[PDB]
């Protein structure tokens, strides 16, 4: 198991534009296209991301291509953020993947706002951090996925993904 296999489980794979759990146009392995309600706006975003006129459908190879860029962008966002980089640097590789997972789902700024959870992770107070992380809109709106990510933070193992 690794961050790619982890997010592939959490995000799925769909080759046509669909609406994500928030109602936002998405494609591939959780590639958010736009929060705009305009399907043409989402299709324009898709064409720009792929470099061709797609009419809202991509191939599996294209989906995996976007996914690799998106995982990279999540890591890049963490390492440039003054709030997230210290926590990331302090973590083992499995818990690092859990933080990347959260940034992939909610964005750099969103995760960087989890000030008290981040402190608890930095302190390596894993059970306490797990309790705090669940006190969130994130957990309430996607509880099964959040439970898996939180278990990964709590234990430092892949138990929730096997």
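Numbering follows the first chain given and starts at 1.
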Ranked by mean Cα B-factor in the entry, 94-102 and 43-51, top stretch is 43-51
32-40 set against 127-135, stretch whose average Cα temperature factor tops the other in the entry
32-40
Going by the recorded CA B-factors, say which third of the chain residue 58 sits in, lowest, middle or highest.
highest
Would the CA B-factor of residue 109 place it in the lowest, middle or highest third of its chain?
highest
Lowest, middle or highest third: where is residue 115 by C-alpha B factor in its chain?
highest
Which third, lowest, middle or highest, does the C-alpha temperature factor of residue 66 belong to within its own chain?
middle
